[PDB]
Each structure stands twice: as C-alpha cells, then as structure tokens.
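Trainee: Starting off with a structure, shown below.
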Amino acid sequence: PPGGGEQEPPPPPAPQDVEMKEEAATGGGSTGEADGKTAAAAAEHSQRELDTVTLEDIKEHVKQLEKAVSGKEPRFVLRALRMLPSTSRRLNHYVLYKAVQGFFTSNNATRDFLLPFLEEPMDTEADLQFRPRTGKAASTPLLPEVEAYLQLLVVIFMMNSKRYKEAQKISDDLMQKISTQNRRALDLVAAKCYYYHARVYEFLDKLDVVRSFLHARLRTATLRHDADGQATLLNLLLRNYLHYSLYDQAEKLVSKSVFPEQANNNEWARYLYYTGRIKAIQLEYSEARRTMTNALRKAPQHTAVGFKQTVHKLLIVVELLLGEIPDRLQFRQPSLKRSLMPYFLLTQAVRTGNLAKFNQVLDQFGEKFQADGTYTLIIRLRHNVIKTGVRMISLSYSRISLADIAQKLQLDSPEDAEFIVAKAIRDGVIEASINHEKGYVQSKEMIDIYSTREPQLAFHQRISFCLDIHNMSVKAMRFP
Amino acid sequence: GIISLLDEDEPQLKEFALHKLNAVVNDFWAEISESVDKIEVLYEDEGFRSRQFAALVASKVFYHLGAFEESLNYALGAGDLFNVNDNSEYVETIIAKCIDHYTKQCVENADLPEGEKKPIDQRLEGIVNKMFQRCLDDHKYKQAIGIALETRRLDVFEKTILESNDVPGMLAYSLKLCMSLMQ
Amino acid sequence: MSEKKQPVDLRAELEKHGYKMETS
Amino acid sequence: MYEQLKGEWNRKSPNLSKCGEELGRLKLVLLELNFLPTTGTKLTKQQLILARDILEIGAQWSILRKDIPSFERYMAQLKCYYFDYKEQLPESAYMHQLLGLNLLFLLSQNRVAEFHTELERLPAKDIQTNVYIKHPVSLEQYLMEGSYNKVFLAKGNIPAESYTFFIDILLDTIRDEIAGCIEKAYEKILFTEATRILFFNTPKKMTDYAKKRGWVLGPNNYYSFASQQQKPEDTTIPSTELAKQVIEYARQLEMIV
Amino acid sequence: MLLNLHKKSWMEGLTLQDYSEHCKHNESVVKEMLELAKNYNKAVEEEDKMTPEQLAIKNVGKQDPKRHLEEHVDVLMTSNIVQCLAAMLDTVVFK
C-alpha cells in the first residue's frame with residue numbers, strides 16, 4: 001500500500017507538461033501561423049499535430065481517466081476570450097488555472113462533467129476565429145479516449161464530438177471565403193475522427209447511414225477542398241466499402257480524376273493497397289502486381305503494427321495467380337511470420353505442381369482463408385496447376401507420352417492433350433509441338449528476339465518524365 | 001441498378017423509377033453511369049411527360065461523374081421542374097457553369113457584332129435574372145454590379161443601375177473597377 | 001507512422017540418386 | 001388483403017400470357033408500395049418478400065423466354081432488395097443460388113473478373129453451405145483444358161437448377177471461343193484427334209471451323225503453314241517510329257533544355 | 001551572303017554537299033567513333049559510378065560536379081542523325 005500510494009504522484013507530471021504544451025505550442029503556434037503566411041498553408045504545425053496525435057496514439061494518450069488533471073478539458077475549451085487583445089488575458093488565465101490546479105485537487109476526475117464542458121465553447125460565443133482550435137480542444141480529450149473501449153455512456157460523448165465535427169463540416173461548406181488555410185488542417189483532423197466515426201460505429205454494426213453522410217461530405221468537398229480531403233475520404237470510403245458490398249470497383253472509375261496530388265505520403269500507397277485489392281478483383285495481373293507492390297514498397301517507416309505486414313501478405317496473391325512465385329520464408333518477420341503461417345505452405349504449394357499438395361493446403365488452412373477473406377481464387381488455382389504443371393513437364397521432358405504426363409495433369413486424355421498445350425500458347429506458355437497418334441508430346445523451342453524495344457523506348461519517357469517531376473519539386477521548393 | 005425498370009413500356013414505372021432515384025441515389029450516384037444511355041430513351045421521348053425529371057437525375061449522375069457542360073445541356077432540357085428546386089449544393093456549380101458559358105457566349109456574340117448570333121435558350125438566361133432577384137432583394141450592390149459586368153449586355157445592366165435606394169455616386173467608382181479590369 | 005492504415009489491425013538428394021543405379 | 005399474388009407461383013405459367021399478367025399484378029404492387037423508400041414497420045416489407053418470391057420465379061420465367069432485359073431487370077430488383085439499407089429479410093430458398101447460378105453462367109462464359117467481384121460482397125455467406133461454386137470454376141479449367149469431354153460429362157450433371165437458356169448461350173460462347181483460343185498459333189496435329197477436338201463423329205462443325213480456321217486443311221493431318229505465322233521480321237517498319245521516338249524526345253530534351 | 005559564305009563551314013559547303021557527305025559517311029566509319037564514344041562511355045562512366053558513393057562518404061558535395069555531365073547526349077544527337085538519315089533510305093530506295 002505505501003509503495004503503490006506513493007507511486008501515484010510521479011506519473012501525472014509528464015502529461016501535466018507535454019500534454020499541456022502539445023496543443024498549447026502547436027495549437028497556439030498555429031494561431032500565429034494562421035494569422036499570416038499563409039504560404040499557403042504551412043501551417044507546419046498541422047504536420048506537427050500529426051506527430052503529436054501519433055505520439056499520443058501509443059503513450060500515454062490522455063483519457064480514459066488516469067485520475068490525473070482532468071481539468072485540461074475545460075482549460076482550452078473555454079475562455080477564447082474573445083477578441084485577440086482580450087484573448088491575451090485568457091492566455092494568462094491558463095497560467096491562472098495552472099496555479100489553481102497547483103493548489104487544490106485540480107479536478108482529477110471529469111466523467112459526466114463533459115456535458116457542460118463540451119458545451120462551454122458554445123457558451124462563450126465565440127472563439128470565434130479558428131474553428132480548428134475549437135474542434136481540436138474538444139476532440140483531443142475525446143479522440144484518444146476512444147482507445148479505452150469502455151462502451152458505457154461515453155460513446156454518445158464521442159458522438160457529440162462527431163456533432164461538433166459536423167458543425168466543423170457545415171463551416172467546411174461555407175467559409176471559405178476565401179483561402180481557408182485552416183481547412184487543410186481540418187482535412188487532417190477530421191479524417192482522424194472520420195476514422196473514429198468508423199471505429200465508434202463499428203462498435204455495433206456497419207456505418208451505412210454514414211456512407212450516405214460520407215458521400216455527402218466527399219461530394220460537397222468537390223471540387224474546392226478535395227485536395228488532401230478527397231484522398232483521405234476516399235480511403236474512408238474504400239476501407240469499409242471493401243468490407244460491405246457493393247459497386248465500388250466501378251464507382252472509383254467515375255470518381256477519378258486520380259485524385260491528385262497524392263497526400264499525405266503513405267496515404268496514396270495504402271490507397272493503392274485498398275484499390276489494389278479492388279483492381280485485383282478484375283484479376284488483370286500486371287496492374288494488380290504493380291499496384292500491390294507499389295502499395296507496400298511506398299510505405300515507410302512503421303511501426304505499428306501488422307497491417308503494413310498485411311499489405312505484403314495479400315501482395316503476392318496475384319503473383320500466385322501469375323504461375324511463378326519465389327519462396328518467401330526468408331522475408332518472415334517476428335510478427336508477420338506467426339500471422340501468415342498457413343499462407344507459407346500455401347505459396348509453397350503454389351511453387352510445386354502437385355495437386356494434392358495444394359488441395360490439402362486448402363482443406364487444412366481454409367480457416368485462415370476465412371480470416372484473410374480471399375477464397376474464390378483458391379479453387380481456380382487448380383488451373384494454374386495444370387498450366388504450370390504442363391509448363392513444367394513440357395519444357396522439362398524431351399518427348400512425354402500423354403499417358404505418363406497424365407498422372408500430374410490428372411486427366412491428359414488422348415484428346416485434351418492437344419488443347420492443354422495449344423490453349424497454353426493462347427496464354428503464352430510453351431511452344432511444344434505434338435503429333436498425336438499414341439501419342440507423345442515432343443517439346444522444342446526456337447526463339448531469338450525482343451528483350452529490346454519497349455524497355456529502352458519506355459525508359460526514355462520514364463527517366464525524362466521523372467526528372468521533369470523532380471524539376472517540378474526542386475524548382476518549387478526554393479521559396480525559402 | 002434501378003434503371004432496369006425503364007425497359008417496361010408504360011410511363012408509370014418510369015415515374016416510380018425516378019421516385020427511387022431522387023432518394024437513395026446517394027450511394028447510387030455511380031450506379032446510373034453505364035445506364036445513362038438508357039436514360040436517353042426517356043430524354044429523347046417527347047410523349048413522356050417526366051422527361052424533365054429524367055434530365056434532373058441524369059444531371060445528378062453526370063454531376064457525380066464530373067460532367068459539367070453536359071449537365072448544363074440536360075439542365076436546358078430539364079424543363080421547369082429543374083430551376084424550381086435547389087438544395088444541398090447542386091446550385092453553385094451549375095450556376096457557375098451557366099453564367100460562365102452564358103457570359104462567354106455573350107462575349108462570343110459581342111464580337112460579331114450583329115447578326116448570325118447563336119441561339120440562346122430562354123431557361124439559361126431565365127435563371128440569370130431570376131437568380132439575380134437574390135441580388136435585387138438582398139440589396140447587395142457589390143455582387144449585383146459584379147454579375148452586371150459578367151453578362152456583357154446593356155439591358156439587364158440598365159436594370160442594375162436602375163435598382164432602388166442609392167448608390168448615389170457608386171456608378172463612378174464602379175466604372176473605376178470596370179476600367180481597371182476592362183479588356 | 002503511426003497514422004493512417006497500419007494501426008487498424010527431387011530433394012537434395014542423396015539416397016534416391018544412389019538407388020537409381022541398382023533399381024534397373 | 002389485395003392479392004391474389006402467389007397463387008401462380010406453385011403452378012408457374014403455361015405460356016408468357018400468365019407471366020405478363022403477373023407483371024401486371026406486380027405493377028399494381030409497384031403502383032402502391034413500389035420498390036422504395038418505405039422503411040416501416042417491416043410489415044410493409046412482408047409483401048416485398050412475397051414479391052421477392054414471384055420475382056425469383058419471374059427470373060425463371062425471364063430466362064424461360066430468353067429475354068435478357070427481363071432477367072437483368074428482376075435480378076437487379078433481387079440485388080437491390082438484398083442491397084437495401086435494411087439487410088434483414090426472411091430467408092428465401094433462391095436467395096443463395098441466385099448468386100451462384102448466375103455466377104455459373106457468368107464464369108463459364110469465360111469472365112475471369114466478374115467472378116471475383118460477384119462473390120466480393122462478403123465471404124461469409126458464400127462459405128457456409130449450399131455450395132454450387134465448385135462446378136463452374138473447374139468447368140472453366142476444363143474450358144482451357146479443353147472440354148468438350150469433361151464438360152459434356154459435366155453437361156450431364158448440373159446442379160442445375162431451373163436456368164437453361166443461360167447455359168445455351170454459355171455453350172455457344174464456349175464453342176466459338178474454343179475456335180478463338182486454339183489458333184493462331186498451334187503446331188501440326190493429326191486428323192482423328194481433330195475429330196477428338198470437336199468430338200461428335202463427323203459433324204458439320206468441323207467443316208465450319210476448318211474453313212474459318214485457315215490455318216490448313218490437310219489430308220489425315222493439319223498444319224500451321226506458312227509459317228508459324230507470317231514471319232514478323234520486323235525489318236525497318238519499327239525503325240520509322242524509332243526515329244519518331246527521339247524526334248519528340250529530343251523535343252523533350254529541348255524542353256529542359 | 002558573305003554571312004552564309006562563312007556559314008558554309010558549320011552549316012555545309014554547298015548547304016547540300018557537306019551533310020550529304022554526312023550522307024556519304026553516315027554511320028559508316030562513324031560507328032568507329034561511336035566505339036570510341038562507347039569507350040568514353042565505359043571509361044567516363046566507370047569513374048562516374050565511383051562519384052555518388054564518394055559523395056555519401058564526404059557528405060556531400062565538394063563542388064563539383066566533375067562534369068562528367070552531358071557528353072554522350074551529343075552522341076545520341078548523332079543517333080538522331082542515325083535515325084533521320086537512315087529513314088531517308090526508305091525515300092531513296094523506293095522510287
């Protein structure tokens with residue numbers, strides 16, 4: 001008891017400092033950044049806010065409860081106040097409440113007091129200049145609080161932050177005018193709590209009412225604030241719309257646009273994983289392997305944790321349907337390994353041309369196939385076994401009888417033996433010629449050609465268009 | 001895919017189809033894309049009294065598909081039921097496209113200067129002075145003289161300078177704004 | 001990051017090759 | 001109240017007149033409740049379920065008359081019914097196979113994309129039971145096998161069920177696409193195995209294709225001559241576009257400059 | 001005219017001959033100087049691949065660059081002479 005009682009005081013001071021000065025220096029600094037320059041945007045505290053939010057998402061967040069200085073909620077949410085020279089007095093009032101909190105119990109517990117608190121900014125009337133400061137002062141307690149998952153009486157409080165964000169959405173439909181240099185930070189912050197829309201709604205069932213609401217927000221941002229807005233909202237669309245049918249494959253067709261410019265960073269890569277599974281549902285394997293590889297290869301630096309391992313998991317699925325895959329056991333991480341353990345023997349069965357080896361993988365690992373969600377291609381891969389199996393033996397064997405190859409091709413009668421190779425040439429597999437009497441399959445090859453034209457002529461536009469973009473970057477980054 | 005109802009002959013299934021459209025189209029905004037060619041069956045049929053609203057929903061799917069001038073063409077063929085209802089935001093876009101195309105059509109006809117001028121539909125110029133009633137009723141001279149400079153025509157502009165109250169001397173420095181941006 | 005997506009969730013052969021001789 | 005509605009469901013229809021009469025009574029249902037947007041009080045959606053049954057048999061009648069716009073209309077109604085914002089509905093016997101049997105015709109006509117996106121709704125409903133999925137996918141593997149043989153044996157055993165004129169066009173789109181996926185280009189083969197290509201005994205389809213193919217008609221044999229074919233060189237035909245390639249590329253070089 | 005008289009040097013002798021003399025040689029022994037140019041490819045670019053690693057050691061630019069820039073781009077401009085003047089063969093040989 002004395003140890004646990006005296007170890008309570010040490011923890012709070014760290015949130016009492018960094019959690020106090022995180023939105024004070026970044027948010028209060030963004031106030032001066034939003035007064036001037038305006039360049040145009042930047043607003044580097046918006047990306048610094050991303051660093052602080054992602055910092056809280058690990059440790060320590062805020063609430064929950066923690067029983068440490070719950071008076072931080074009324075601190076920033078009250079006392080604009082009101083015009084800038086009067087706000088300076090309230091900038092001293094934060095220090096006044098620092099002394100009040102340094103004297104008495106400092107209101108270490110709020111809970112049901114969030115009802116007057118969250119409505120106090122509406123009692124001030126008003127900030128009135130910066131809506132992102134009002135939305136952030138209310139959300140910063142509540143957004144990390146969603147990670148508690150208590151599911152009692154505070155879920156509707158998260159919904160109240162969603163209503164405050166809807167007031168942020170109506171103001172996202174009006175002012176402008178003109179260059180709402182704060183709406184990019186509103187795109188950032190709202191995309192977060194739009195994913196908190198996803199989490200809080202997923203506590204019970206699908207959000208479908210918010211699918212029409214997301215389409216209302218996604219379409220009302222057109223065309224003005226779509227920049228960096230439409231990208232995050234399209235992932236908010238694509239993610240759960242990939243979980244719930246339907247039509248998103250043809251919906252993103254008419255939705256594009258592209259939509260440029262890609263922001264922010266890994267956002268477009270993960271979008272190419274989301275739409276990567278989409279474009280993989282059309283089964284064209286050149287665009288699917290390029291969108292899946294570009295999804296993972298374009299994503300630094302992690303941690304955390306396993307979904308960046310999931311894009312790598314589903315990445316080589318289209319490579320399994322290509323007919324040739326390397327053994328990936330050397331790419332296993334300490335985490336991704338234990339997650340894909342069935343998928344290991346799966347791609348090992350894809351390398352081999354044995355049917356029973358692949359079918360036993362299906363019967364045993366079908367439970368993990370339910371966990372991943374990819375099924376339909378597991379039964380049709382038997383056609384990849386007959387095409388890779390015939391690619392194997394044909395190129396392999398000098399002249400193979402249709403009765404001897406019939407074991408690995410499982411039928412290979414005297415009739416279909418013609419089509420196996422012939423319709424493989426239709427798919428561009430093997431050139432083997434067969435004169436059918438008994439018969440026997442005599443595989444030869446003569447090709448000397450290509451390896452030339454498209455690679456070098458494309459490399460011209462590749463390199464040139466690249467260095468042109470690198471011009472568009474460097475030439476435009478010299479403002480300082 | 002509610003557009004499949006249009007294959008049946010009698011128009012009452014079409015009015016019930018668009019009654020399905022105007023509500024749940026939020027998720028179906030992209031669904032009508034491939035079937036717009038089937039919407040053309042209603043848009044090109046004169047004996048169909050609801051072809052107007054058929055051009056409304058066709059202008060909505062074209063609004064989601066990114067088509068602007070095409071949505072303006074169907075806005076002209078959307079009759080009276082189009083201009084009467086404005087909610088959400090369908091307005092600022094189509095009136096931006098309408099005013100833009102209108103003022104550049106007026107500039108096109110102003111260089112002729114006279115004769116051979118292209119035909120101007122009464123509805124696209126109808127929502128010009130009708131939506132300008134917002135500028136006349138709200139008593140905003142800055143925007144009123146703004147659109148008055150856009151139309152490039154002396155008649156409706158003569159009505160803007162004829163609006164009530166004052167504007168005692170405001171035409172003077174308004175011409176300073178004109179000559180500043182004058183081409 | 002931690003932002004965005006990720007926080008959501010013939011043998012060798014020895015014996016057989018030596019046996020091929022004495023098989024036939 | 002209202003009806004008589006499902007009285008013709010057990011007897012089906014002797015001709016298309018009763019199908020059009022059912023379309024008329026269903027039109028009266030469309031005159032009152034229509035398809036939407038009545039949430040309810042799902043008691044008003046009870047006759048929507050009673051409509052789903054006759055719309056399922058309406059799709060069986062639509063394929064019975066072979067008319068494509070009919071089927072895809074009632075299939076879109078069944079889709080939007082299961083796609084409606086309220087998913088919970090009384091379970092219907094055809095609710096499962098209407099996805100899979102249409103999927104059977106969908107993939108067995110050689111569509112490799114729409115199979116994945118048809119079952120991409122959610123995997124759970126497809127995994128549980130009543131699986132018709134195994135036949136079409138292996139059938140497609142027997143399309144490039146090709147078959148013919150194992151498909152004709154699979155033409156004797158079909159799930160099926162109640163969908164016929166779909167598999168009729170499915171067979172037609174199989175026959176012509178075999179002649180499209182064979183040559184060019186394949187090498188020399190013998191006669192009696194081209195009798196094994198199209199099977200039957202000596203059908204007139206072997207004369208229709210041996211003409212269409214062309215290719216070659218040899219005695220007791222067939223050839224790919226001549227040769228393999230047309231012998232692309234390509235000589236200097238690509239050299240002109242090779243010149244043009246750097247024509248506008250040196251133009252891009254001057255754009256830097 | 002006296003301007004074009006000395007321009008005969010860098011343009012062509014007759015404005016026809018000298019670059020029809022470039023149609024005389026025309027890659028002919030002109031690949032020998034392409035072999036020496038591709039020897040300048042191997043020579044200069046084998047020490048050009050040593051440059052960016054050293055840039056990572058010294059951190060970074062010694063000002064520099066070695067230049068060791070452009071060069072064989074001009075050889076590719078002679079490749080524009082290759083593609084153009086050889087595309088004239090289709091006009092020369094046929095009618």
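Chain lettering (A, B, ...) mirrors the order of the structure tokens, residue numbering begins at 1 for each chain separately, and ligand numbering begins at 1 in order of display.
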Provide as an MDAnalysis selection string the residues of chain A at most 9 Å from chain C, counting only C-alpha atoms.

Mentor: chainID A and resid 50:51 53:55 57:58 192 195 232 266:267 270:271 300:310

Trainee: Kindly export the residues of the current selection with N, CA, C and O atoms, as a short mmCIF file (atom, residue, chain, number, x, y, z; two decimals), in the first residue's frame.

Mentor:
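New file result.cif:
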```cif
data_model
loop_
_atom_site.label_atom_id
_atom_site.label_comp_id
_atom_site.auth_asym_id
_atom_site.auth_seq_id
_atom_site.Cartn_x
_atom_site.Cartn_y
_atom_site.Cartn_z
N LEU A 50 0.12 16.07 -36.50
CA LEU A 50 0.15 14.65 -36.84
C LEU A 50 1.19 13.92 -36.00
O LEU A 50 0.96 12.78 -35.58
N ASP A 51 2.33 14.55 -35.74
CA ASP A 51 3.35 13.93 -34.91
C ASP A 51 2.89 13.81 -33.46
O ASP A 51 3.21 12.83 -32.78
N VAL A 53 -0.41 13.69 -32.42
CA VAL A 53 -1.51 12.73 -32.36
C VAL A 53 -0.97 11.30 -32.45
O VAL A 53 -1.36 10.42 -31.68
N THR A 54 -0.06 11.05 -33.40
CA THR A 54 0.57 9.74 -33.49
C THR A 54 1.45 9.45 -32.28
O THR A 54 1.68 8.27 -31.97
N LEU A 55 1.95 10.48 -31.60
CA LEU A 55 2.67 10.25 -30.35
C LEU A 55 1.72 9.80 -29.25
O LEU A 55 2.04 8.88 -28.49
N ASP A 57 -1.13 8.28 -29.69
CA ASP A 57 -1.74 7.01 -30.05
C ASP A 57 -0.98 5.81 -29.49
O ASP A 57 -1.53 4.70 -29.49
N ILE A 58 0.24 6.00 -29.01
CA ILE A 58 0.99 4.93 -28.35
C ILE A 58 0.96 5.17 -26.84
O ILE A 58 0.40 4.37 -26.09
N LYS A 192 -9.02 11.95 -39.21
CA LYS A 192 -8.81 11.17 -38.00
C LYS A 192 -10.15 10.76 -37.39
O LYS A 192 -10.47 9.57 -37.31
N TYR A 195 -12.19 8.42 -39.16
CA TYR A 195 -11.85 7.04 -38.83
C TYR A 195 -12.32 6.69 -37.42
O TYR A 195 -12.55 5.51 -37.12
N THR A 232 -8.21 11.22 -48.35
CA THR A 232 -8.50 10.57 -47.07
C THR A 232 -9.94 10.10 -47.01
O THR A 232 -10.23 9.02 -46.47
N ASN A 266 2.32 8.16 -47.44
CA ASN A 266 1.83 6.79 -47.46
C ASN A 266 0.33 6.68 -47.70
O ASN A 266 -0.16 5.59 -48.00
N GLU A 267 -0.42 7.79 -47.59
CA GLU A 267 -1.85 7.74 -47.84
C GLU A 267 -2.16 7.19 -49.22
O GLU A 267 -3.10 6.40 -49.39
N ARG A 270 -1.27 3.26 -49.28
CA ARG A 270 -2.33 2.45 -48.68
C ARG A 270 -3.60 2.50 -49.52
O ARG A 270 -4.34 1.51 -49.57
N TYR A 271 -3.86 3.63 -50.19
CA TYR A 271 -4.97 3.68 -51.13
C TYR A 271 -4.76 2.71 -52.28
O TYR A 271 -5.70 2.05 -52.73
N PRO A 300 6.94 3.74 -45.80
CA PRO A 300 7.75 3.81 -44.59
C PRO A 300 6.91 4.32 -43.41
O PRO A 300 5.73 4.60 -43.62
N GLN A 301 7.48 4.43 -42.21
CA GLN A 301 8.62 3.64 -41.76
C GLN A 301 8.11 2.54 -40.82
O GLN A 301 8.88 1.74 -40.31
N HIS A 302 6.79 2.57 -40.60
CA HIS A 302 6.09 1.92 -39.48
C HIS A 302 6.84 2.32 -38.18
O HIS A 302 7.42 3.40 -38.16
N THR A 303 6.86 1.54 -37.09
CA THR A 303 5.77 0.71 -36.56
C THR A 303 4.64 1.70 -36.19
O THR A 303 4.93 2.88 -36.00
N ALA A 304 3.37 1.29 -36.07
CA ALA A 304 2.89 -0.07 -35.82
C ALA A 304 1.56 -0.33 -36.54
O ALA A 304 0.89 0.62 -36.93
N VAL A 305 1.15 -1.60 -36.71
CA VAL A 305 1.97 -2.78 -36.43
C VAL A 305 1.90 -3.82 -37.56
O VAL A 305 2.88 -4.02 -38.29
N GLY A 306 0.75 -4.48 -37.71
CA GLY A 306 0.64 -5.64 -38.57
C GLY A 306 -0.09 -5.45 -39.88
O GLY A 306 -0.08 -6.35 -40.72
N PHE A 307 -0.74 -4.30 -40.07
CA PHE A 307 -1.43 -4.09 -41.34
C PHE A 307 -0.45 -3.74 -42.46
O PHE A 307 -0.72 -4.06 -43.62
N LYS A 308 0.67 -3.10 -42.12
CA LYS A 308 1.76 -2.99 -43.08
C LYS A 308 2.36 -4.35 -43.41
O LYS A 308 2.98 -4.51 -44.47
N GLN A 309 2.18 -5.33 -42.52
CA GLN A 309 2.51 -6.71 -42.87
C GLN A 309 1.39 -7.37 -43.65
O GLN A 309 1.63 -8.35 -44.37
N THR A 310 0.17 -6.84 -43.55
CA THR A 310 -0.96 -7.44 -44.26
C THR A 310 -0.92 -7.09 -45.75
O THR A 310 -1.27 -7.92 -46.59
#
```

Trainee: Would you mind listing, as a list in words, all residues of chain B that have at least one atom within 8 Å of chain A, where only C-alpha atoms are what counts?

Mentor: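 Those within range of chain A come out as residues 26, 27, 30, 31, 33, 64, 65, 66 and 89 of chain B.
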
Trainee: Name the residues of chain E that come out as helix (DSSP H, G or I) in a backbone DSSP run; write them as a VMD selection string.

Mentor: chain E and resid 2 to 10 17 to 21 32 to 48 51 to 58 73 to 93

Trainee: Taking 2 positions as the minimum chain separation for residues in the same chain, which residues sit within 7 Å of stretch 91-97 of chain B when counting only C-alpha atoms? Answer as a count of residues only.

Mentor: 8

Trainee: Can you pull out the residues contacting stretch 238-246 of chain D? Cut-off 12 Å, using only C-alpha atoms, and skip same-chain residues under 5 positions away; I want them as a ChimeraX atom specification.

Mentor: /A:452-454,456-461,464 /D:232-233,251-254 /E:73,76-91

Trainee: Considering only C-alpha atoms, give me a table of residues in chain B that are at most 12 Å from chain D, with the closest atom pair and distance in Å for each, as a Markdown table.

Mentor:
```
| residue | atom | partner | partner_atom | distance |
| --- | --- | --- | --- | --- |
| B:1 | CA | D:76 | CA | 5.6 |
| B:2 | CA | D:76 | CA | 7.0 |
| B:3 | CA | D:73 | CA | 8.3 |
| B:4 | CA | D:73 | CA | 4.8 |
| B:5 | CA | D:73 | CA | 6.4 |
| B:6 | CA | D:73 | CA | 9.1 |
| B:7 | CA | D:69 | CA | 7.0 |
| B:8 | CA | D:70 | CA | 8.8 |
| B:9 | CA | D:27 | CA | 11.5 |
| B:10 | CA | D:27 | CA | 10.0 |
| B:11 | CA | D:27 | CA | 11.5 |
| B:12 | CA | D:31 | CA | 7.9 |
| B:13 | CA | D:30 | CA | 7.5 |
| B:14 | CA | D:30 | CA | 10.9 |
| B:15 | CA | D:31 | CA | 10.2 |
| B:16 | CA | D:34 | CA | 6.8 |
| B:17 | CA | D:35 | CA | 8.6 |
| B:18 | CA | D:36 | CA | 10.9 |
| B:19 | CA | D:36 | CA | 8.3 |
| B:20 | CA | D:36 | CA | 6.2 |
| B:21 | CA | D:36 | CA | 9.7 |
| B:22 | CA | D:37 | CA | 10.2 |
| B:23 | CA | D:37 | CA | 7.4 |
| B:24 | CA | D:37 | CA | 7.8 |
| B:25 | CA | D:37 | CA | 11.3 |
| B:26 | CA | D:85 | CA | 11.8 |
| B:27 | CA | D:85 | CA | 10.1 |
| B:28 | CA | D:80 | CA | 10.5 |
| B:31 | CA | D:80 | CA | 11.3 |
| B:38 | CA | D:69 | CA | 11.6 |
```
